[PDB]
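Asker: opening piece of a complex, kept in its complex position:
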Amino acid sequence: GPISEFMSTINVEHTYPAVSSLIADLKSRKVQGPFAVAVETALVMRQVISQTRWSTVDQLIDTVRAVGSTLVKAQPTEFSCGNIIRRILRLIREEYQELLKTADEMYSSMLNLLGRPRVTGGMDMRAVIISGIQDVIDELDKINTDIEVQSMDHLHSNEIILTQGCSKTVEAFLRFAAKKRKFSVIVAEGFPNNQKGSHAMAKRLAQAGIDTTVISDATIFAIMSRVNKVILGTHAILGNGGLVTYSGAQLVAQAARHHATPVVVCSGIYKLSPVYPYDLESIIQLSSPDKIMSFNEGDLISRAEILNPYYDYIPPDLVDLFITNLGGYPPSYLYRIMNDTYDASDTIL
Amino acid sequence: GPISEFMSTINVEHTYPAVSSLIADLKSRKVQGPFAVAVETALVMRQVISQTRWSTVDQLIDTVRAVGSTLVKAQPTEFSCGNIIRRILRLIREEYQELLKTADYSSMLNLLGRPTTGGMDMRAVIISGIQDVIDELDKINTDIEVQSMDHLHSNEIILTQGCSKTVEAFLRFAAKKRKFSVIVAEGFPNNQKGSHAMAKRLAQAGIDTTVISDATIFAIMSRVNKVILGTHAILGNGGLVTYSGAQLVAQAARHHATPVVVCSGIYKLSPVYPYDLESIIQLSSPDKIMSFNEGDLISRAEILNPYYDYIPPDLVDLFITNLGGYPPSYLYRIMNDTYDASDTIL
């Protein structure tokens, strides 16, 4: 149930100009990446709540759910968008539900099977809804700050760390331990898509006083034998605990398992999406052949299939530890983390 | 078929005084360990070939096989003895076959094909070949230690257990040029005293040695680059009869993806197929793990002290021998070019 049915698009425009604008920038992929998408989605939702007027609570919920739905289908593999939507939806229900308690005078799912089969429903919840939304936007700005501090428990002197591509979270993680401890980091370029980003990050790691080595993706297996830990960033973490990450990460994860090297993942909880990876064919996106084969190679591109995926998938069993802003947890416990941050109904948006 | 038959006790004592003394010392554990047993057996065989008189090659063969059968039974888990015997038995057989026709492929094709002075004073030649074994038994530590510049590198961390003169010579040789580290898990209770002594000698060569308890083996394993072990014997299936606790090193290494390297002379390689480990594993005295003055404890509890440990053939990655470095899959061809596969059972 998208927003087209509820209202004409022409006035999902004058009533919600931020939504139609975000949908456009999401499809064209001008606003891309987990963090950027998350922030912009939250901001758009803020002016949606700011301008929507929904007097029983169910009009709000239906509005945000429908508006969030079209934001999801604009660019379905940017799961951070849908996650923000699910947060705000639980923000309303719980807050309102708490409001319901305010007027005066489950706990198992299994037990329910034998279970048994409003007053002043209200608007002007805006103040608290906008509050919690602004909070979320803030809590997004603190992810690196309270993640990097956990590096003193996993990064030690003279250890060798393998990482791939560019991750601002991982970079922060490394540099925070780098101030007091001197170690080594091998940066595998994320060719062809995370190439420049990783090359740039590698320079800064070196400037931070870290013994940085830059290797091609083919060299990953060759140096795995002298690597203590693998530290990876991720684009998204799905419902089963699997990783939607940037291409080439499978090389690292597989080579790590083979050499019995631990795989650590640093990621904010906002990248944790409840959607189940039914078909990986829909999850992996493909960019232009341009990044791999040059266009002036007329004969080659005419006689060959050139494929450039910029997403890789890691099964949840190849991740030993998740470093999050909520702390360090095994892939197993991600199950309960989702149950605490999302309402189960919002799994399909 | 031993030598208790085909000869009396007093005849053995008079004719072969070395055999009698070796039997006694093999049973009394006087001569002990692969190297000591190898050398002594080879010297005893030199006497057997010198003393024994025969007119036929076959008499010589079965005479040696009989002496072999008896020496083996004296101390059967010292495989080194029988190997020296089987070595000489083959040495006799093909010295014979080239003397056979100076007087002028596959076992799969034998299924389809043709059905159906020789023995004496090749003694002078046989004795020489025995001396050739003695010489080779001396070059073992030198032929092996040299290969340490292909595996031991600077700043690497190496795990070892118990004591092995082979492994020690291996380490120290690389250590006089390259600077690395060695973690020595003592072989408690058995290889305990010896390993501490080796650890000190290593450190004196400047190898940065760490002595750990056997329980620490797993904990430090994650930082180890390579495992280098010695062995008591290598059996027919490529397995390893080695000193107590060595499987702790092996299992922990496989769990941490750490390569297992074995340093051993070819003479410790025995065709004896391990149809069993119970008959393989010998048990020393409980005195080593429990004091006898614990009256209550020793009368109320089974107290066991295995002397050996077994390691399945697929847990070794590389064999560093005097011949060179070989994979476990190649031990098959090493035997068929060393023993004669009828002397496997002595």
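Answerer: Done, it's in. Residues are numbered from 1 along each chain as shown, chains lettered A, B, ... in the order given.
Asker: how about the residues of chain A by chain B?
Answerer: A:225-226, A:228, A:258-261 (CB under 8 Å from any CB of the partner chain). In this view, the C-beta of every residue, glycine as well, is placed from N, C-alpha and C.
Asker: which one among those residues gets closest to chain B?
Answerer: Nearest to chain B out of these is residue A:260 (CB to the nearest CB; 3.7 Å).
Asker: so who does the closest one touch?
Answerer: Shown in contact with residue A:260 (CB atoms under 8 Å, 6 or more residues apart in numbering or on different chains): B:255-257.
Asker: adding secondary structure, write those out as JSON lines.
Answerer: Below are the contacts of residue A:260 laid out as JSON lines (DSSP: H, G, I helix; E, B strand; the rest coil):
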{"residue": "B:255", "secondary structure": "helix"}
{"residue": "B:256", "secondary structure": "coil"}
{"residue": "B:257", "secondary structure": "coil"}
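Asker: what is the neighbour count of the closest residue to residue A:276 other than its chain neighbours?
Answerer: In space, and not counting its chain neighbours, residue A:276 is closest to residue A:239: 4.4 Å by CB to CB, 6 or more residues apart in numbering or on different chains. For residue A:239, the count of nearby residues is 18 (other CB atoms under 10 Å in any protein chain shown).
Asker: pretty sure residue A:239 sits against residue A:283.
Answerer: No. In this structure residue A:239 lies outside contact range of residue A:283 using CB atoms under 8 Å: 11.7 Å.
Asker: chain C next, sequence below:
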Amino acid sequence: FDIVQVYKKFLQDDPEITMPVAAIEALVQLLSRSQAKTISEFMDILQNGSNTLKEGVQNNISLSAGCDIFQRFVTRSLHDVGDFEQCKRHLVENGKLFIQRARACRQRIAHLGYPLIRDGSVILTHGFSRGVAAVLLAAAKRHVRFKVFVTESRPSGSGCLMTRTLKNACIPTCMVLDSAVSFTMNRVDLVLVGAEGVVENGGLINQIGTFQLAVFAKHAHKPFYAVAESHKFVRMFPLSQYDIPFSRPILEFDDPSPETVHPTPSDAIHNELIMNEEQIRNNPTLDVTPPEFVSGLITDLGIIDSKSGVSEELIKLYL
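Answerer: Adding chain C to what we have so far:
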């Protein structure tokens, strides 16, 4: 009042009812004829009836999962304020509601299941299982192109009923012998089985051949999904694939001291040379599948991979 043949009486009457649910219903039938005197004994007649039901059925793991859920429900509602007769009142009225709720579970399981099957895939199944079919049939209703390998499940031979069901939905099927399962894995894209019960560690208790498929799957790196209702979750922990209560003594040898009384071309098909019923009773009926062989557990609560998640649900259940 015989609860055992009543628990039975719920199973032949309803082909789509599950053993734990049937056990729950059998306990409801007990409380309607209860006439309990005090609370202390509203609980022990519930206790006595639950126990004697467990003793009267040979494979009791599934129904015990229901018995567990039931007494825990009663205990939790009686602890709070403990009007044991409202409680009785509650159950008896909403009794058939529990049955339809269970049917709603399998339906939700099917809706979560069919997206796992994609265009031009091949599915392997061991024996017959309601829910496994429900997922497959639901995938067919969406006109998804896929084919299904089915294993004959000695001794039950449930494979024949399963493949009949599947081609009654016009889906292509090919039966495979229990011994030939692993050979077909290179053609298999997904393995899908059902469960009689799910133990604490998220392991599977099902008919004899399941764990075999689970190993072949992991060896062939093929995903292995299971289909189970949340009320099949039981609090018990087998320490191995061999640690479950046996109804009749299995896997024992003869003792042949005295004489008598008294080659296959390997291309020969001798269906007369199968084991007789006596020596089949000497074989196990059930099978335990450790959680590291299970890709995901398709339940009414969603698809569970965690394998601490089944434990999490059991925790919330018992406090």
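Asker: what about the neighbour count of residue A:239 again, now that chain C is present?
Answerer: Residue A:239: 22 surrounding residues under other CB under 10 Å.
Asker: gap between it and residue C:139?
Answerer: Distance of residue A:239 to residue C:139, computed by CB to CB, to the nearest Å: 20 Å.
Asker: can stretch C:215-224 be said to contact chain A?
Answerer: No. Stretch C:215-224 stays clear of chain A (CB under 8 Å from any CB), getting no nearer than 9.7 Å.
Asker: between its first and last residues, how far does that stretch reach?
Answerer: For stretch C:215-224, the first-to-last residue distance is 9 Å (CA to CA, to the nearest Å).
Asker: tell me where chain C has helices.
Answerer: Ranges of helices in chain C, per DSSP state H, are C:3-11, C:19-32, C:39-56, C:61-80, C:84-93, C:95-113, C:132-141, C:158-167, C:210-219, C:277-280, C:309-318.
Asker: closest to residue C:200 out of those?
Answerer: Closest of the helices of chain C to residue C:200 is helix C:309-318, at 5.4 Å (criterion: CB to CB).
Asker: quick check: the gap between the closest residue to residue C:155 other than its chain neighbours and chain B.
Answerer: Nearest residue to residue C:155, sequence neighbours excluded (CB to CB, 6+ apart): residue C:280, at 4.8 Å. For residue C:280, the distance to chain B (CB to the nearest CB, to the nearest Å) stands at 35 Å.
Asker: the following sequence is to be added as chain D:
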Amino acid sequence: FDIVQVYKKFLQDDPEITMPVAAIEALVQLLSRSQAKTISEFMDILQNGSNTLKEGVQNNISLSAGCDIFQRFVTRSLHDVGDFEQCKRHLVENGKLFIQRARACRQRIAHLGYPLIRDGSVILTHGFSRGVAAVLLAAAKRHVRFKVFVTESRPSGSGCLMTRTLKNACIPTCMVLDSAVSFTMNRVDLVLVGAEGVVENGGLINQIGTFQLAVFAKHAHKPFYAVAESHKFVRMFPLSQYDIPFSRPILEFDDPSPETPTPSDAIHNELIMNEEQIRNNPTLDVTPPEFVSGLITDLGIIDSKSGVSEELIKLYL
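Answerer: So that you can see how it sits with the rest, here is chain D on the chains above:
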């Protein structure tokens, strides 16, 4: 000359013969009735004769091995200033004196195999194998106390024949279904199987349930020994445990269009597959060498299984 008819002929002639040897005897009695006398004539011969033989029997691997051994013995002593005729009589002369060793190979195997069974151990075997039986029986005469699980081996149903064979020697037996083999592994001390053929990398071609046992054995950390005569070594390299010449079309599906309850304790022996369906299932599987602990042969116990390769290397030049 209907070589095929002959080959089948031995097979019934003598239960203890092996498919490779039966092929060797085939070629011999062709080499008897073979007028020949041209190497071109002399060697045009069987090749159409083993070819005709290979095309005449549907699963042809084992006889191909016995074949492969025969011609390589032929050309290798036809090389060498080779005259034809002296090999033609010598093969026909010693044909009786071939199924001699073949029988002596199996006994050599049993004398090597039986100490693997030690007092109080439980053995697991799949279907019927003369070599496995030989090993077990040889151990029984030595008064060794042991018991044997035998898998009901569908489709062949060889489990019954093996169970009775072992029952006659007063060996305690118990039959298990193909689906219950995994549940029995904790009670099993050693697994012992035979093989119709052993491929280049030391892998086993045998009855359809073999590889599953080797899989369960690896998982349960139990030794898995194969029992096969040396003349079962064949030069062919399957790239997977699925890669073998198929006799009949296999594992193909129905094509339905709109074409118009069971408990686990229930025992329905009348609910098995029909033979039309069974002919759609494979007859054999392939067991990778990494599942084989040791390979017991007349050449001794081969653990390397780069060694089976070594033997095939020697066979060909």
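Asker: check the neighbour count of residue A:239 one more time with chain D there.
Answerer: Counted with other CB under 10 Å, the neighbours of residue A:239 add up to 22.
Asker: go ahead and confirm it touches residue C:303.
Answerer: Yes. Judged on CB under 8 Å, residue A:239 makes contact with residue C:303 at a distance of 7.2 Å.
Asker: and residue A:33, its phi and psi?
Answerer: For residue A:33, the backbone dihedrals (degrees, to the nearest 10) come out as phi 90, psi 150.
Asker: next up, the contacts around the residue in the stretch 1-150 of chain A that chain D sits nearest to.
Answerer: Ranking the residues of the stretch 1-150 of chain A by distance to chain D (CB to the nearest CB) places residue A:113 first, at 22.2 Å. Contacts for residue A:113 were tallied using CB under 8 Å, 6+ apart; they are C:24, C:69, C:98, C:101-102, C:230-231.
Asker: neighbours of the closest residue to residue A:267 other than its chain neighbours, how many?
Answerer: Closest residue to residue A:267 apart from its sequence neighbours, by CB to CB, 6+ apart: residue A:234 at 4.9 Å. Neighbour count of residue A:234, defined by other CB under 10 Å: 25.
Asker: got the phi and psi for residue A:234?
Answerer: The phi/psi pair for residue A:234 (degrees, to the nearest 10) is phi -140, psi 150.
Asker: I'd like the distance between it and residue A:163.
Answerer: 12 Å.
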